[PDB]
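Worksheet: the structure to be examined is printed underneath.
Numbering (PDB author numbering), first residue to last: 1 to 299.
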């Protein structure tokens, strides 16, 4: 399942193998034209042993990264580059990000050509992959993943209330236009537009509209995406209930307006790889609880 590819050149031998009994420190010394020096140390049943310096070290290109016996590298930033004559592509910058909160500086020149790999599913780093020798041609690390069949859309869990009618739309073909209908108390009316099959659905008022009118935004569905949701809810009096008077959507390349006035406790709804296409929650008059679903809409 989770297995990142070794993006980079092929001019050495040091990729995924089983001979390495373990590891202790990693060095990446950026030479005059790319990662020209490395070092490989191991830790045995008593003490460490060194003698793994390879490539060509220089006073202007060397690094040191002490990997603790309790360190778990959960994320890494890896960059590569190619220039006219380099028939064996090489690495430019590396940046390890540990679970312990330690983040080493960019061990080289951050460039456009890069990839990113992190683990959120629960796996732990186990070793590395990537042909290397005189120059660091490529780098990468596999993750602990499981084997499962194809599954449907995942239901999530929000907060807001335990009383009112459920209006879970599940998922629709898309979102073509959106509107917000504020009330005197908070968001009491929400309506969206979409095209199902060949139809054009206009309307969607399933809440208490108010004389405050409506607000509207037409998001570019094929150009942009709602990567996550934000909002703040404040406590209403007389009951243990809640309401939402300020709801936002994370939007890239554009700026979605601040619908409402931020106050109360804050919340967010985010998942990796997946995008949003449907809601789940409850309302009878007022929008007590609002939640989302996640579906894999990546290439």
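In this text, a Cβ means the ideal position worked out from N, Cα and C, and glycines have one as well.
Going by other Cβ atoms of all chains shown within 10 Å of its Cβ, with 16 needed for buried, is residue 212 buried or exposed?
Residue numbering aside, residue 212 sits at position 212 when the chain shown is read from its first letter. Exposed: under 16 other Cβ atoms inside 10 Å.
Any idea what DSSP makes of residue 97, helix, strand or coil?
Here residue 97 corresponds to residue number 97 of the chain shown, with the count starting at 1. Looking at residue 97 - three-state DSSP - the assignment turns out to be strand.
If residue 88 sits next to residue 79, beta carbons under 8 angstroms apart, how far is it from one beta carbon to the other, in whole angstroms?
Along the chain shown, one-based indexing puts residue 88 at 88. Along the chain shown, one-based indexing puts residue 79 at 79. With a Cβ gap of about 16 angstroms, residue 88 and residue 79 do not count as contacting.
According to DSSP, simplified to helix, strand and coil, what is residue 242?
Here the question's residue 242 lines up with position 242 in the chain shown. Of the three classes helix, strand and coil, the one that applies to residue 242 here is strand, per DSSP.
Rounded to whole angstroms, what is the Cα-Cα separation between residue 52 and residue 27?
Your numbering for residue 52 matches position 52 in the chain shown. Your numbering for residue 27 matches position 27 in the chain shown. Rounded to the nearest angstrom, the two C-alpha atoms are 10 angstroms apart.
DSSP state of residue 81, grouped into three classes?
As a working note, residue 81 is residue 81 in the chain shown. Correct three-state label for residue 81: strand.
In angstroms, rounded to a whole number, what distance separates the CA positions of residue 277 and residue 228?
To locate residue 277, count along the chain shown from 1; it is residue 277. To locate residue 228, count along the chain shown from 1; it is residue 228. Answer to the nearest angstrom: the Cα atoms are 12 angstroms apart.
Between residue 120 and residue 144, how many whole angstroms is the CB-CB distance? I'm expecting something under 8 angstroms.
In the chain shown, the residue the question calls residue 120 occupies position 120. In the chain shown, the residue the question calls residue 144 occupies position 144. Not confirmed; about 12 angstroms, so no contact.
May I have the straight-line CA-CA distance separating residue 269 from residue 172, to the nearest angstrom?
Start at 1 with the first residue of the chain shown, and residue 269 comes out as number 269. Start at 1 with the first residue of the chain shown, and residue 172 comes out as number 172. Those two C-alpha atoms are separated by around 18 angstroms.
Quick check on the burial criterion: 16 or more other C-beta atoms within 10 angstroms. Buried or exposed for residue 72?
Here residue 72 is taken as the residue at index 72 of the chain shown, counted from 1. When all chains shown are included, residue 72 counts as exposed.
Give the straight-line distance between the Cα atoms of residue 3 and residue 141, rounded to the nearest whole angstrom.
Translated into positions along the chain shown, residue 3 becomes position 3. Translated into positions along the chain shown, residue 141 becomes position 141. Computed Cα separation, rounded: 8 angstroms.
Less than 9 angstroms between the beta carbons of residue 134 and residue 8, yes or no?
For this step, residue 134 is matched to residue 134 along the chain shown. For this step, residue 8 is matched to residue 8 along the chain shown. It is not a contact, given that the beta carbons lie outside the stated cut-off.
Counting along the chain, where does the beta strand (DSSP E) carrying residue 44 start and finish?
Within the chain shown, residue 44 is the residue found at index 44, counting from 1. No beta strand (DSSP E) contains residue 44, which DSSP labels as neither H nor E.
So the beta strand (DSSP E) residue 280 belongs to, where does it begin and stop?
For this step, residue 280 is matched to residue 280 along the chain shown. First-last of the beta strand (DSSP E) with residue 280: 279 to 283.
Bridge partners for residue 179 per DSSP, in chain order?
As a working note, residue 179 is residue 179 in the chain shown. Paired residues: 191 and 216.
What does the Cβ neighbour count give for residue 59, buried or exposed, with the cut at 16 atoms within 10 Å?
Residue mapping note: residue 59 aligns to position 59 of the chain shown, counting from 1. Under this definition residue 59 is an exposed residue.
By the 10 Å Cβ neighbour count, where 16 or more other Cβ atoms means buried, how is residue 148 classified, buried or exposed?
Looking up residue 148 in the chain shown gives position 148. Exposed: under 16 other Cβ atoms inside 10 Å.
Which value, in whole angstroms, describes the spacing of the CA atoms of residue 6 and residue 35?
Within the chain shown, numbered from 1, the residue matching residue 6 stands at position 6. Within the chain shown, numbered from 1, the residue matching residue 35 stands at position 35. C-alpha separation (whole angstroms): 16 angstroms.
Using CA atoms only, rank isn't needed, just tell me which of 199, 263 and 159 is closest to residue 283.
By 1-based counting over the chain shown, the position of residue 283 is 283. The candidate whose alpha carbon is nearest that of residue 283 is 159.
On the premise that residue 210 lies in contact with residue 254, defined as a C-beta separation below 8 angstroms, what is that separation, rounded to the nearest angstrom?
Position 254 of the chain shown holds residue 254. Position 210 of the chain shown holds residue 210. The Cβ separation is near 27 angstroms, so there is no contact.
Using the Cα positions of residue 46 and residue 24, report the straight-line distance between them to the nearest angstrom.
As a working note, residue 46 is residue 46 in the chain shown. As a working note, residue 24 is residue 24 in the chain shown. Looking at the two C-alpha atoms, the distance is approximately 13 angstroms.
Put residue 154 into one of helix, strand or coil per three-state DSSP.
Counting from 1 along the chain shown, the entry for residue 154 is found at position 154. Three-state DSSP puts residue 154 in a strand.
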